[PDB]
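Text of input.cif (mmCIF, C-alpha atoms and all ligand atoms) as supplied:
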data_run
loop_
_atom_site.group_PDB
_atom_site.id
_atom_site.type_symbol
_atom_site.label_atom_id
_atom_site.label_comp_id
_atom_site.auth_asym_id
_atom_site.auth_seq_id
_atom_site.Cartn_x
_atom_site.Cartn_y
_atom_site.Cartn_z
ATOM 1 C CA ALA A 1 -36.577 22.018 28.300
ATOM 2 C CA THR A 2 -38.840 24.045 30.558
ATOM 3 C CA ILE A 3 -41.984 22.141 31.519
ATOM 4 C CA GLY A 4 -44.837 22.806 29.114
ATOM 5 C CA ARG A 5 -48.498 22.681 30.095
ATOM 6 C CA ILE A 6 -51.552 21.719 28.038
ATOM 7 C CA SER A 7 -54.842 23.317 29.028
ATOM 8 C CA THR A 8 -57.637 20.854 29.813
ATOM 9 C CA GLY A 9 -60.217 23.324 28.476
ATOM 10 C CA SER A 10 -61.452 24.039 32.018
ATOM 11 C CA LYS A 11 -60.088 27.071 33.850
ATOM 12 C CA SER A 12 -61.024 25.486 37.179
ATOM 13 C CA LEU A 13 -59.250 22.223 36.376
ATOM 14 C CA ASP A 14 -56.208 24.018 34.951
ATOM 15 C CA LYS A 15 -55.910 26.009 38.178
ATOM 16 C CA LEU A 16 -56.003 22.825 40.271
ATOM 17 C CA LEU A 17 -53.256 21.346 38.069
ATOM 18 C CA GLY A 18 -50.971 24.387 38.217
ATOM 19 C CA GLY A 19 -51.820 25.511 34.680
ATOM 20 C CA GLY A 20 -52.630 22.305 32.805
ATOM 21 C CA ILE A 21 -51.118 18.866 32.398
ATOM 22 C CA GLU A 22 -47.313 18.867 32.354
ATOM 23 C CA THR A 23 -44.826 17.606 29.846
ATOM 24 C CA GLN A 24 -42.105 15.427 31.385
ATOM 25 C CA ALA A 25 -44.783 13.855 33.587
ATOM 26 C CA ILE A 26 -47.448 11.163 33.625
ATOM 27 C CA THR A 27 -50.906 12.412 34.608
ATOM 28 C CA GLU A 28 -53.114 9.495 35.671
ATOM 29 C CA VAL A 29 -56.859 10.130 35.749
ATOM 30 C CA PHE A 30 -59.229 7.738 37.532
ATOM 31 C CA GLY A 31 -62.969 7.460 37.151
ATOM 32 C CA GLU A 32 -65.941 5.142 36.797
ATOM 33 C CA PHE A 33 -68.086 4.987 33.670
ATOM 34 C CA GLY A 34 -69.271 8.458 32.715
ATOM 35 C CA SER A 35 -66.727 10.208 34.954
ATOM 36 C CA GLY A 36 -65.331 12.219 32.030
ATOM 37 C CA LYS A 37 -61.817 10.750 31.919
ATOM 38 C CA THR A 38 -62.046 9.784 28.245
ATOM 39 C CA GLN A 39 -63.769 13.092 27.419
ATOM 40 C CA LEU A 40 -60.763 14.795 29.027
ATOM 41 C CA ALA A 41 -58.432 12.656 26.898
ATOM 42 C CA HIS A 42 -60.329 13.670 23.749
ATOM 43 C CA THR A 43 -60.215 17.350 24.732
ATOM 44 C CA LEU A 44 -56.474 17.288 25.455
ATOM 45 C CA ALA A 45 -55.816 15.688 22.055
ATOM 46 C CA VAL A 46 -57.334 18.836 20.518
ATOM 47 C CA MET A 47 -55.997 21.440 22.970
ATOM 48 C CA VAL A 48 -52.360 20.367 22.551
ATOM 49 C CA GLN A 49 -52.568 21.255 18.846
ATOM 50 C CA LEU A 50 -53.262 24.938 19.623
ATOM 51 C CA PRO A 51 -50.467 27.500 20.028
ATOM 52 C CA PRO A 52 -49.280 28.250 23.575
ATOM 53 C CA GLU A 53 -51.214 31.528 23.582
ATOM 54 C CA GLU A 54 -54.376 29.386 23.369
ATOM 55 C CA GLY A 55 -53.278 26.707 25.852
ATOM 56 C CA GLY A 56 -51.559 24.237 23.525
ATOM 57 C CA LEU A 57 -48.014 23.293 22.548
ATOM 58 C CA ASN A 58 -48.272 23.233 18.736
ATOM 59 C CA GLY A 59 -47.981 19.480 19.079
ATOM 60 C CA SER A 60 -48.921 16.118 17.608
ATOM 61 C CA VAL A 61 -50.603 13.315 19.568
ATOM 62 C CA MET A 62 -50.101 9.569 19.862
ATOM 63 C CA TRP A 63 -53.106 7.640 21.186
ATOM 64 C CA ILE A 64 -53.160 4.044 22.463
ATOM 65 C CA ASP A 65 -56.715 2.714 22.857
ATOM 66 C CA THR A 66 -57.198 -0.495 24.846
ATOM 67 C CA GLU A 67 -61.009 -0.849 24.839
ATOM 68 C CA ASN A 68 -62.298 0.965 21.716
ATOM 69 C CA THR A 69 -63.127 4.231 23.484
ATOM 70 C CA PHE A 70 -61.563 6.629 20.947
ATOM 71 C CA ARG A 71 -64.230 8.475 18.945
ATOM 72 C CA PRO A 72 -62.997 10.332 15.833
ATOM 73 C CA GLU A 73 -66.361 12.088 15.513
ATOM 74 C CA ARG A 74 -65.854 13.462 19.014
ATOM 75 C CA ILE A 75 -62.418 14.812 18.053
ATOM 76 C CA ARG A 76 -64.006 16.463 15.018
ATOM 77 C CA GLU A 77 -66.729 18.080 17.138
ATOM 78 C CA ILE A 78 -64.339 19.400 19.778
ATOM 79 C CA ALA A 79 -61.922 20.651 17.096
ATOM 80 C CA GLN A 80 -64.548 22.494 15.084
ATOM 81 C CA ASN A 81 -66.109 24.003 18.205
ATOM 82 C CA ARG A 82 -62.681 25.359 19.161
ATOM 83 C CA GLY A 83 -62.035 26.809 15.700
ATOM 84 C CA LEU A 84 -59.598 24.190 14.403
ATOM 85 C CA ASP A 85 -59.951 22.254 11.174
ATOM 86 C CA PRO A 86 -61.392 18.860 12.222
ATOM 87 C CA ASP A 87 -59.608 16.899 9.484
ATOM 88 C CA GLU A 88 -56.240 18.505 10.260
ATOM 89 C CA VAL A 89 -56.711 17.752 13.962
ATOM 90 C CA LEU A 90 -57.425 14.079 13.246
ATOM 91 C CA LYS A 91 -54.421 13.823 10.901
ATOM 92 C CA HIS A 92 -52.180 14.775 13.837
ATOM 93 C CA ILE A 93 -53.449 12.049 16.185
ATOM 94 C CA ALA A 94 -51.551 8.837 15.491
ATOM 95 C CA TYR A 95 -54.030 6.136 16.549
ATOM 96 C CA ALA A 96 -53.158 2.616 17.675
ATOM 97 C CA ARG A 97 -55.409 -0.082 19.091
ATOM 98 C CA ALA A 98 -53.753 -2.244 21.759
ATOM 99 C CA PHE A 99 -55.174 -5.780 21.636
ATOM 100 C CA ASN A 100 -53.615 -7.107 24.868
ATOM 101 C CA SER A 101 -51.163 -6.012 27.543
ATOM 102 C CA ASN A 102 -48.069 -7.243 25.715
ATOM 103 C CA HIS A 103 -49.097 -5.427 22.526
ATOM 104 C CA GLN A 104 -49.803 -2.311 24.598
ATOM 105 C CA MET A 105 -46.240 -2.457 25.937
ATOM 106 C CA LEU A 106 -44.808 -2.974 22.431
ATOM 107 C CA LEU A 107 -46.748 0.034 21.144
ATOM 108 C CA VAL A 108 -45.152 2.288 23.763
ATOM 109 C CA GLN A 109 -41.703 0.906 22.940
ATOM 110 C CA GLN A 110 -42.218 1.377 19.211
ATOM 111 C CA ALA A 111 -43.861 4.807 19.572
ATOM 112 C CA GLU A 112 -40.330 6.166 20.097
ATOM 113 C CA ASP A 113 -39.738 5.841 16.337
ATOM 114 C CA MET A 114 -42.482 8.326 15.437
ATOM 115 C CA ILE A 115 -41.519 10.574 18.353
ATOM 116 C CA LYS A 116 -37.955 10.737 17.023
ATOM 117 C CA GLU A 117 -39.171 11.404 13.472
ATOM 118 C CA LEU A 118 -41.366 14.331 14.591
ATOM 119 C CA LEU A 119 -39.009 15.704 17.268
ATOM 120 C CA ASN A 120 -37.430 18.566 15.347
ATOM 121 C CA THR A 121 -40.412 19.388 13.117
ATOM 122 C CA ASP A 122 -43.280 21.883 13.292
ATOM 123 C CA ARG A 123 -45.512 19.312 15.060
ATOM 124 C CA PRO A 124 -43.443 17.321 17.567
ATOM 125 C CA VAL A 125 -45.299 14.763 19.657
ATOM 126 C CA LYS A 126 -46.412 16.605 22.782
ATOM 127 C CA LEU A 127 -49.135 14.275 24.128
ATOM 128 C CA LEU A 128 -49.130 10.491 24.466
ATOM 129 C CA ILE A 129 -52.424 9.024 25.683
ATOM 130 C CA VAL A 130 -52.946 5.512 27.041
ATOM 131 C CA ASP A 131 -56.690 4.932 27.539
ATOM 132 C CA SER A 132 -56.610 2.896 29.563
ATOM 133 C CA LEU A 133 -53.446 2.000 31.424
ATOM 134 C CA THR A 134 -54.748 -1.125 33.144
ATOM 135 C CA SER A 135 -57.774 -2.679 31.402
ATOM 136 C CA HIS A 136 -55.679 -5.416 29.727
ATOM 137 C CA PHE A 137 -53.508 -6.052 32.793
ATOM 138 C CA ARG A 138 -56.621 -6.437 34.949
ATOM 139 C CA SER A 139 -58.191 -8.805 32.415
ATOM 140 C CA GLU A 140 -55.109 -10.995 31.944
ATOM 141 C CA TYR A 141 -53.620 -11.283 35.460
ATOM 142 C CA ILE A 142 -56.335 -12.783 37.662
ATOM 143 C CA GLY A 143 -55.971 -13.474 41.367
ATOM 144 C CA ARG A 144 -53.311 -12.947 43.988
ATOM 145 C CA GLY A 145 -51.008 -15.490 42.323
ATOM 146 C CA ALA A 146 -50.859 -13.196 39.280
ATOM 147 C CA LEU A 147 -50.433 -9.902 41.147
ATOM 148 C CA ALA A 148 -46.630 -9.931 41.383
ATOM 149 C CA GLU A 149 -46.161 -10.385 37.642
ATOM 150 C CA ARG A 150 -48.934 -7.906 36.842
ATOM 151 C CA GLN A 151 -47.235 -5.245 38.965
ATOM 152 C CA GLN A 152 -43.779 -5.966 37.520
ATOM 153 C CA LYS A 153 -45.023 -5.605 33.940
ATOM 154 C CA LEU A 154 -47.064 -2.496 34.748
ATOM 155 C CA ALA A 155 -44.040 -0.950 36.487
ATOM 156 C CA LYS A 156 -41.901 -1.533 33.394
ATOM 157 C CA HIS A 157 -44.657 -0.062 31.199
ATOM 158 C CA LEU A 158 -44.825 3.060 33.384
ATOM 159 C CA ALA A 159 -41.022 3.298 33.306
ATOM 160 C CA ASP A 160 -41.135 3.207 29.502
ATOM 161 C CA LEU A 161 -43.754 5.975 29.545
ATOM 162 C CA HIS A 162 -41.750 8.095 32.010
ATOM 163 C CA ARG A 163 -38.665 7.771 29.829
ATOM 164 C CA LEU A 164 -40.518 9.056 26.765
ATOM 165 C CA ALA A 165 -42.057 11.919 28.757
ATOM 166 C CA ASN A 166 -38.707 13.098 30.122
ATOM 167 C CA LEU A 167 -36.424 12.428 27.149
ATOM 168 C CA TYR A 168 -38.726 13.950 24.504
ATOM 169 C CA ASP A 169 -40.614 16.583 26.550
ATOM 170 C CA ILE A 170 -44.014 14.898 26.186
ATOM 171 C CA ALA A 171 -47.071 15.037 28.418
ATOM 172 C CA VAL A 172 -48.178 11.455 29.071
ATOM 173 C CA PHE A 173 -51.857 11.131 29.982
ATOM 174 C CA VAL A 174 -53.288 7.809 31.089
ATOM 175 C CA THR A 175 -56.708 6.745 32.334
ATOM 176 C CA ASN A 176 -57.396 4.199 35.045
ATOM 177 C CA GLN A 177 -60.053 2.907 37.412
ATOM 178 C CA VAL A 178 -59.828 2.236 41.133
ATOM 179 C CA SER A 179 -46.112 5.257 40.753
ATOM 180 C CA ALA A 180 -44.570 8.677 40.129
ATOM 181 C CA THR A 181 -47.772 9.816 38.410
ATOM 182 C CA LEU A 182 -49.925 12.845 39.196
ATOM 183 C CA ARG A 183 -53.227 11.301 40.273
ATOM 184 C CA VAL A 184 -56.586 12.960 39.591
ATOM 185 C CA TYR A 185 -59.881 11.341 40.609
ATOM 186 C CA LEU A 186 -63.064 12.220 38.712
ATOM 187 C CA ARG A 187 -66.576 11.785 40.065
ATOM 188 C CA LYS A 188 -70.109 12.901 39.329
ATOM 189 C CA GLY A 189 -71.032 16.259 40.833
ATOM 190 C CA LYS A 190 -74.393 17.979 41.072
ATOM 191 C CA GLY A 191 -76.602 18.856 38.113
ATOM 192 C CA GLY A 192 -74.628 16.810 35.613
ATOM 193 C CA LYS A 193 -71.305 18.512 36.342
ATOM 194 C CA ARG A 194 -68.142 16.544 37.112
ATOM 195 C CA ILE A 195 -65.633 17.007 39.938
ATOM 196 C CA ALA A 196 -61.888 16.411 39.776
ATOM 197 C CA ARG A 197 -59.939 15.841 42.981
ATOM 198 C CA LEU A 198 -56.155 16.008 43.006
ATOM 199 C CA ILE A 199 -54.611 13.633 45.550
ATOM 200 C CA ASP A 200 -51.071 13.068 46.878
ATOM 201 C CA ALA A 201 -49.308 15.544 44.594
ATOM 202 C CA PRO A 202 -45.862 16.284 46.078
ATOM 203 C CA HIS A 203 -45.851 19.967 45.072
ATOM 204 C CA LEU A 204 -49.485 20.881 44.374
ATOM 205 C CA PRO A 205 -52.065 21.210 47.168
ATOM 206 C CA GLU A 206 -54.965 18.824 47.116
ATOM 207 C CA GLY A 207 -58.192 20.377 45.914
ATOM 208 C CA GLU A 208 -61.218 20.012 43.689
ATOM 209 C CA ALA A 209 -62.375 21.504 40.402
ATOM 210 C CA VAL A 210 -65.894 21.428 38.943
ATOM 211 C CA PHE A 211 -66.254 21.182 35.166
ATOM 212 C CA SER A 212 -68.742 20.442 32.384
ATOM 213 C CA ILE A 213 -68.743 18.255 29.262
ATOM 214 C CA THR A 214 -69.930 20.161 26.186
ATOM 215 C CA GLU A 215 -69.550 20.433 22.411
ATOM 216 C CA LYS A 216 -66.133 21.961 23.226
ATOM 217 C CA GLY A 217 -65.098 18.890 25.206
ATOM 218 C CA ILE A 218 -64.393 19.891 28.771
ATOM 219 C CA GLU A 219 -64.768 23.420 30.074
ATOM 220 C CA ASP A 220 -65.933 25.125 33.250
HETATM 221 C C1 LIG B 301 -46.502 -3.124 18.106
HETATM 222 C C2 LIG B 301 -46.661 -3.113 16.597
HETATM 223 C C3 LIG B 301 -46.813 -1.741 16.004
HETATM 224 N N1 LIG B 301 -47.906 -1.274 15.507
HETATM 225 N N2 LIG B 301 -47.781 0.032 15.046
HETATM 226 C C4 LIG B 301 -46.575 0.498 15.223
HETATM 227 N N3 LIG B 301 -46.191 1.738 14.896
HETATM 228 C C5 LIG B 301 -47.112 2.686 14.290
HETATM 229 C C6 LIG B 301 -47.897 3.481 15.305
HETATM 230 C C7 LIG B 301 -48.901 4.358 14.889
HETATM 231 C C8 LIG B 301 -49.668 5.071 15.799
HETATM 232 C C9 LIG B 301 -49.415 4.902 17.153
HETATM 233 N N4 LIG B 301 -50.023 5.447 18.257
HETATM 234 C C10 LIG B 301 -49.425 4.958 19.386
HETATM 235 C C11 LIG B 301 -48.432 4.097 19.046
HETATM 236 C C12 LIG B 301 -48.405 4.037 17.614
HETATM 237 C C13 LIG B 301 -47.655 3.336 16.670
HETATM 238 S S1 LIG B 301 -45.475 -0.618 15.956
#
Mind turning the file's structure into structure tokens?
Amino acid sequence: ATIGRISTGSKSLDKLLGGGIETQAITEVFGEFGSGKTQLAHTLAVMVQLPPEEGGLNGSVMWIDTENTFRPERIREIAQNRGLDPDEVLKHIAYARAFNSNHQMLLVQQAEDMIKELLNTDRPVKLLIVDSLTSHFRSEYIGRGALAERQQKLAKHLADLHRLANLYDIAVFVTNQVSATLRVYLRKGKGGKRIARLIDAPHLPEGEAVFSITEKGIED
């Protein structure tokens, strides 16, 4: 399949990303508290449900939440402010809480069942969110004596995610805080705006995009 792209809601950020976040790829977004990385996740979970003419992929979403940062009311607000039915939008986000790093890995393994079920339907899974990729690994694997095993498990988790992205034409979007991922770093800008910086992309130039966080989620 040709690579599909999901608009972030921000024209500036889309331009930096070559059009939006890509299917068949993992986009990994870093930021401290209030950076906007989870707001971007929420916005993408709405945008992907739009038709391609409006920046979506007519897709369903699967969402893995490690720290209780998913806000259904925020989905509803973004959806309604973009003209979608808020209840329909929520029905097409399959939510799972991950309680620890092992459970997080099992959820990605067992997400393939729903992906397969939806694959040839009107709403195939097009976005798989892991917010956040590392919170449980960081909590559970303390010290340099634990680093080797932490990295091995995380590498296998990322491999599982890459396989789903490539085999089923899904955009994987993960959050992180400071491995074949496209890495975007968010920071506070001036006047309450946020800045995204793209770093180390093999085939996209580094650059920055300024965006806002509004009732529509993220936009210029
Ligand atoms: C590990 C035990 C399971 N618990 N739930 C499962 N399958 C159902 C399910 C529902 C929504 C989901 N969003 C992301 C993954 C996902 C999965 S398998």
Interface rows for chain A against ligand LIG 301 (chain B): nearest pair, Å to one decimal, 6 Å, all atoms listed in the file, as JSON lines:
{"residue": "A:62", "atom": "CA", "partner": "B:LIG301", "partner_atom": "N4", "distance": 4.4}
{"residue": "A:63", "atom": "CA", "partner": "B:LIG301", "partner_atom": "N4", "distance": 4.8}
{"residue": "A:64", "atom": "CA", "partner": "B:LIG301", "partner_atom": "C10", "distance": 4.9}
{"residue": "A:94", "atom": "CA", "partner": "B:LIG301", "partner_atom": "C8", "distance": 4.2}
{"residue": "A:95", "atom": "CA", "partner": "B:LIG301", "partner_atom": "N4", "distance": 4.4}
{"residue": "A:96", "atom": "CA", "partner": "B:LIG301", "partner_atom": "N4", "distance": 4.3}
{"residue": "A:103", "atom": "CA", "partner": "B:LIG301", "partner_atom": "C1", "distance": 5.6}
{"residue": "A:106", "atom": "CA", "partner": "B:LIG301", "partner_atom": "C1", "distance": 4.6}
{"residue": "A:107", "atom": "CA", "partner": "B:LIG301", "partner_atom": "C1", "distance": 4.4}
{"residue": "A:110", "atom": "CA", "partner": "B:LIG301", "partner_atom": "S1", "distance": 5.0}
{"residue": "A:111", "atom": "CA", "partner": "B:LIG301", "partner_atom": "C11", "distance": 4.7}
Give one line per residue of segment 78-112 of chain A that approaches segment 139-148 of chain A to at most 12 Å, naming the two atoms of the closest pair and their distance in Å to one decimal, counting all atoms listed in the file; sort by chain then ascending residue number and deliver it as a Markdown table.
| residue | atom | partner | partner_atom | distance |
| --- | --- | --- | --- | --- |
| A:99 | CA | A:140 | CA | 11.6 |
| A:100 | CA | A:140 | CA | 8.2 |
| A:101 | CA | A:140 | CA | 7.7 |
| A:102 | CA | A:140 | CA | 10.1 |
Under the rule of at most 9 Å, produce a per-residue listing of segment 35-111 of chain A near segment 185-200 of chain A: chain, number, name, the closest pair of atoms, and the distance in Å, as CSV, using only C-alpha atoms.
residue,atom,partner,partner_atom,distance
A:35,CA,A:187,CA,5.4
A:36,CA,A:186,CA,7.1
A:37,CA,A:186,CA,7.1
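Omitting residue 16 of chain A and its sequence neighbours fewer than 6 positions away, and counting all atoms listed in the file, the residues within 10 Å are residues 10, 184, 196, 197, 198, 204, 205, 206, 207, 208 and 209 of chain A.
If you look at atom CA of residue 123 of chain A and atom CA of residue 49 of chain A, they are 8.2 Å away from each other.
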- Message: Can you translate the PyMOL selection byres (((chain A and resi 150-164) around 8) and not hetatm) into the concrete residues it hits in this file, as a list in words?
- Response: residues 24, 25, 26, 105, 108, 109, 112, 134, 137, 141, 146, 147, 148, 149, 165, 166, 167, 168, 169, 170, 172 and 179 of chain A
- Item | Selected residue of minimal separation from residue 68 of chain A among A:7, A:98, A:23, A:1, counting all atoms listed in the file | A:98
- Selection under test: the PyMOL selection byres (((chain A and resi 89) around 8) and not hetatm); residues as a PyMOL selection string: chain A and resi 46+49+75-76+79+84-88+90-93
- Residues within 8 Å of residue 125 of chain A, only C-alpha atoms, excluding chain neighbours under 3 positions, as a ChimeraX atom specification: /A:59-62,115,118-119,128,170
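Closest approach to residue 38 of chain A from the set A:220, A:117, A:65, A:215 is made by A:65, with distances taken over all atoms listed in the file.
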- Message: Going by the chain IDs and residue numbers used in this file, which residues fall under the PyMOL selection byres (((chain A and resi 57) around 9) and not hetatm)? Write them as a ChimeraX atom specification.
- Response: /A:4-6,47-56,58-60,123,126
- Message: Please compute the atom CA of residue 130 of chain A-atom CA of residue 203 of chain A distance, one decimal, in Å.
- Response: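 Distance between the two atoms: 24.2 Å.
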- One-decimal distance in Å that lies between atom CA of residue 18 of chain A and atom CA of residue 122 of chain A: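 Straight-line distance from atom CA of residue 122 of chain A to atom CA of residue 18 of chain A works out to 26.2 Å.
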9 Å contact set for residue 67 of chain A, only C-alpha atoms, chain neighbours under 5 positions out, as a PDB file with C-alpha atoms, in the coordinates of the input:
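Once written, selection.pdb looks like this:
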ATOM      1  CA  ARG A  97     -55.409  -0.082  19.091  1.00  0.00           C
ATOM      2  CA  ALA A  98     -53.753  -2.244  21.759  1.00  0.00           C
ATOM      3  CA  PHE A  99     -55.174  -5.780  21.636  1.00  0.00           C
ATOM      4  CA  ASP A 131     -56.690   4.932  27.539  1.00  0.00           C
ATOM      5  CA  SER A 132     -56.610   2.896  29.563  1.00  0.00           C
ATOM      6  CA  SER A 135     -57.774  -2.679  31.402  1.00  0.00           C
ATOM      7  CA  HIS A 136     -55.679  -5.416  29.727  1.00  0.00           C
TER       8      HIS A 136
END
- Query: Could you pull the residues within 7 Å of residue 218 of chain A, counting all atoms listed in the file, minus those fewer than 5 positions along the same chain, as JSON, numbers by chain?
  - Reply: {"A": [8, 9, 10, 39, 40, 43, 211, 212, 213]}
I'd like the box whose edges run along x, y and z of the file and which contains every listed atom of segment 92-109 of chain A, padded by 3 Å per side; could you state its centre and edge lengths in Å, one decimal, as JSON?
{"center_x": -48.6, "center_y": 3.8, "center_z": 20.7, "size_x": 19.7, "size_y": 28.0, "size_z": 19.7}
